[PDB]
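# task: produce atomic coordinates for the following.
(one chain, ligands or ions: 2)
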Amino acid sequence: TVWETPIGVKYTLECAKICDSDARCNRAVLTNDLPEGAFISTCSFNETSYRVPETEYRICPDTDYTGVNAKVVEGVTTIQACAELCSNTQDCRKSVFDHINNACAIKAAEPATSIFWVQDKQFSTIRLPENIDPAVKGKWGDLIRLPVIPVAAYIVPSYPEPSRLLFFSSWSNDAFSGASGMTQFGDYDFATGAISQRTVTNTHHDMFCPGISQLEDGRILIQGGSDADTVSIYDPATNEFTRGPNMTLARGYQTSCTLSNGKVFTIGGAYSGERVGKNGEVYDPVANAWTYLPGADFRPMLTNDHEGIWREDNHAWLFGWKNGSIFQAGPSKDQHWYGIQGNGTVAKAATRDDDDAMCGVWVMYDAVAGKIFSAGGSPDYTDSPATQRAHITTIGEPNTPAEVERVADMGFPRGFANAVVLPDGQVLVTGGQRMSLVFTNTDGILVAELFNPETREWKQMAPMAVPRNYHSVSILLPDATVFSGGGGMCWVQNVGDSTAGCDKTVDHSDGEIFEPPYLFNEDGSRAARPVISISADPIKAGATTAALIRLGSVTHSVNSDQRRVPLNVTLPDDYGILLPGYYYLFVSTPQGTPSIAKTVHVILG
Ligand SMILES: *[C@@H]1O[C@H](CO)[C@@H](O)[C@H](O)[C@H]1NC(C)=O
Ligand SMILES: [Cu+2]
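Numbering: from 1, shown residues only. Ligands and ions are numbered 1, 2, ... in the order given. Pasting the structure now:
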């Protein structure tokens with residue numbers, strides 16, 4: 001028995017309307033689709049327009065705008081009077097009416113401040129609706145609710161294009177501890193909009209805080225984390241998980257990268273296992289064996305962190321390059337080549353910056369010219385003002401110097417931001433916060449920014465709805481849209497222990513999808529997209545505008561699997577440019593408009 005008020009609110013019919021009249025009433029003697037506190041991208045209820053005496057504003061009932069106020073005024077008794085007050089306040093785009101206390105808040109200016117939109121019966125929100133030109137600024141869809149906070153996500157490789165996204169958290173949907181023989185997992189078909197969860201127990205792996213690398217045959221190698229030694233192998237073709245060999249050394253928060261030769265190198269990972277610097281190691285899918293590399297020395301890639309060595313070897317910016325090489329772009333001030341020959345190899349390649357940029361974003365946007373984009377991050381893991389500084393790092397031959405040029409500063413300092421390269425080799429940076437503060441919404445940037453490497457300039461994109469900071473993700477989707485999601489998670493001392501004491505306002509068990517400008521004509525209508533009608537055949541390197549993009553895996557601001565291979569409309573010879581593994585074929589009109597990718601499985605000589 002569910003009484004649904006006209007405006008759309010819903011109780012679980014005489015005291016009921018008594019309760020709907022008192023903004024302070026949850027119980028009587030309230031059960032909306034979303035819980036109270038939930039963040040929203042769109043009004044969950046029937047809105048109302050409203051015109052001022054001199055001639056407009058949209059009103060969403062039972063909702064709040066959180067963030068700094070320009071003004072709070074105690075006089076006001078009515079939404080209409082709060083609305084009036086906004087019109088008379090210079091630069092007022094958003095205002096809040098507090099039913100309980102007869103108060104009107106004018107929200108401070110976006111994007112200088114960030115403002116969020118929450119379900120809350122105590123309030124009503126008023127807004128001068130932004131006219132957003134999708135041709136200049138793209139468009140965000142509405143929050144997608146998910147069973148599991150997507151702390152880690154990867155595209156499941158399929159034919160003729162992928163349809164699914166796995167994501168995972170820890171032993172719980174919204175909480176982590178230490179080791180626990182289990183991970184909570186979520187499966188989102190973005191063709192059907194279908195969503196399922198599952199507990200993965202068979203690999204005895206809590207995969208929270210892991211390394212992630214897609215192998216040659218498109219299996220995903222999930223390494224360490226809460227079960228610091230345990231390795232899990234995800235088989236797209238059976239959607240089942242297999243136990244890989246224990247790493248030589250227990251790690252968490254380390255990065256891994258697939259190499260030229262379909263081996264996987266990892267270095268660092270002082271978060272879990274022993275709390276000391278971790279030297280390199282390399283997985284051979286063929287031997288099905290890990291090999292400790294004592295000469296792949298952690299010490300040169302250490303950041304200097306206020307929290308010490310726990311953090312310093314974390315989230316290295318690793319790329320497989322030519323002839324089994326590894327480039328380390330950061331986050332440490334200085335960059336380094338690493339090799340797996342003999343027992344190791346490490347050498348300085350360049351100085352990128354005069355400060356470390358922990359969890360800064362990083363992407364190889366042009367493999368064929370070894371161009372790497374980097375921006376944001378913070379000198380320390382947490383309690384650290386993020387940087388606006390960005391760089392193109394140019395890499396020629398493995399183990400010779402590399403070229404770093406400071407390009408223009410981002411519009412916003414970002415810690416814990418996420419990045420994807422797009423078919424045109426533009427980079428989309430989403431989320432992150434002014435000051436790295438683990439488990440916070442604080443000063444989450446909502447405006448996406450698109451860096452043009454051809455121009456070396458930034459454009460501000462339309463704003464998303466939720467802050468995407470610690471434990472968030474971004475990842476390219478086959479239809480050339482960006483998925484942005486997660487945030488939060490709560491530490492509890494033991495597995496099973498109650499989550500009741502956790503602040504869930506920082507938990508964002510959901511995502512949202514960006515349609516970049518390139519999907520829109522000058523009139524805001526969706527551009528006509530090139531279609532493709534390709535052999536589903538393992539093609540090898542060097543065999544015969546367009547671009548390939550390797551399927552992404554992503555956690556903790558680390559996307560080690562994504563790589564843009566620009567083409568001649570004809571694959572390149574070098575596997576250290578064309579890393580083997582599953583890609584996206586993007587054919588795009590010479591105005592800039594791309595296809596729904598066709599999946600292309602590159603294999604080794
Ligand atoms: C494509 O051809 C151009 C000249 O035709 C060449 O310089 C370039 O290296 C080739 N591929 C890419 C992606 O640049
Ligand atoms: Cu974490």
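
# with residue 153 as the reference, measure out to residue 481.
Using Cβ to Cβ, to the nearest Å, we find residue 481 at a distance of 14 Å from residue 153. The way it works is simple: take the backbone N, C-alpha and C, and place the C-beta from them, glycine included.

# neighbour count for the two, which is higher?
residue 153 (26 against 19; other Cβ atoms under 10 Å).

# longest strand in the chain, by residue count?
strand 116-127 (DSSP state E).

# now for that one, which elements pack on it?
Packing partners of strand 116-127 (3 or more Cβ pairs under 8 Å, 6 or more residues apart in numbering; DSSP states H and E): strand 57-66, helix 79-87, strand 94-98.

# mind putting the ones you listed into CSV with distance to ligand 1 and mean neighbour count?
Below are the helices and strands packed on strand 116-127 laid out as CSV (distance: least, Cβ to the nearest ligand atom, whole Å; neighbours: other Cβ atoms under 10 Å):
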stretch, distance to ligand 1, mean neighbour count
strand 57-66, 46, 21
helix 79-87, 52, 20
strand 94-98, 45, 25
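
# quick check: which of the ones you listed is nearest to residue 471?
strand 57-66 (19.5 Å; Cβ to Cβ).

# for residue 168, see how far away residue 205 is.
Residue 205 is 10 Å from residue 168, by Cβ to Cβ.

# mutual contacts of the two, please.
The contact sets of residue 205 and residue 168 overlap at residue 183 (Cβ atoms under 8 Å, 6 or more residues apart in numbering).

# how far does stretch 366-374 stretch from one end to the other?
In stretch 366-374, first residue to last residue: 13 Å (Cα to Cα, to the nearest Å).

# now do stretch 222-232
With Cα to Cα, one end of stretch 222-232 sits 5 Å from the other.

# report the separation between the closest residue to residue 231 other than its chain neighbours and ligand 1.
Spatial nearest neighbour of residue 231, excluding adjacent residues (Cβ to Cβ, 6 or more residues apart in numbering): residue 244 at 3.5 Å. Distance of residue 244 to ligand 1, computed by Cβ to the nearest ligand atom, to the nearest Å: 34 Å.

# looks like residue 244 contacts residue 288 (just checking).
Yes - between residue 244 and residue 288 there is a contact under Cβ atoms under 8 Å: 7.2 Å.

# excluding its backbone neighbours, what's nearest whichever residue of the stretch 151-300 of the chain sits closest to ligand 1?
Using Cβ to the nearest ligand atom, the closest approach of the stretch 151-300 of the chain to ligand 1 is made by residue 260 at 18.4 Å. Spatial nearest neighbour of residue 260, chain neighbours left out: residue 576 (4.3 Å); criterion: Cβ to Cβ, 6+ apart.

# tell me who's in contact with residue 397.
Contacts of residue 397 by Cβ under 8 Å, 6+ apart are residue 322.

# can you pull the phi/psi pair for it?
With angles defined as degrees, to the nearest 10, residue 397 sits at phi -100, psi 140.

# show me which residues of the chain are close to ligand 1?
368, 566, 567, 568 (Cβ under 6 Å from any ligand atom).

# buried ones among those residues?
residue 566 (16 or more other Cβ atoms under 10 Å).

# I'd like the residues of the chain next to ligand 1 as JSON lines, with distance to residue 448 and secondary structure appended.
Output for those, formatted as JSON lines (distance: Cβ to Cβ, whole Å; DSSP: H, G, I helix; E, B strand; the rest coil):
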{"residue": "368", "distance to residue 448": "26", "secondary structure": "helix"}
{"residue": "566", "distance to residue 448": "22", "secondary structure": "strand"}
{"residue": "567", "distance to residue 448": "26", "secondary structure": "coil"}
{"residue": "568", "distance to residue 448": "30", "secondary structure": "coil"}
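
# where do the helices sit along the stretch 501-605 of the chain?
Taking DSSP state H, counting those that start in this stretch as the test, none of the stretch 501-605 of the chain falls into helices.

# what segments of it are strands?
With strands called from DSSP state E, counting those that start in this stretch, the stretch 501-605 of the chain shows them at 510-515, 539-540, 546-550, 553-555, 564-566, 581-587, 598-603.

# let me know which of those strands is tucked in deepest.
strand 553-555 (a mean of 29; mean count of other Cβ atoms under 10 Å).

# from memory residue 224 sits against residue 230, does it?
Yes - the criterion here is Cβ under 8 Å, and residue 224 meets it with residue 230 at 7.0 Å.

# between the two, who's got more neighbours?
residue 224 (31 against 23).

# find the nearest non-adjacent residue to residue 273, please.
In space, residue 273 is closest to residue 250, 2.6 Å off (Cβ to Cβ, 6+ apart).

# contacts only, for that neighbour.
Contacts of residue 250 by Cβ under 8 Å, 6+ apart are 224, 228, 229, 269, 272, 273, 274.

# burial of the residue nearest to residue 231, as a residue count?
When neighbours are counted by other Cβ under 10 Å, residue 244 comes out with 21.

# show me the helices in the chain, by range?
Under the criterion DSSP state H, the chain contains helices at 15-21, 79-87, 134-137, 309-312.
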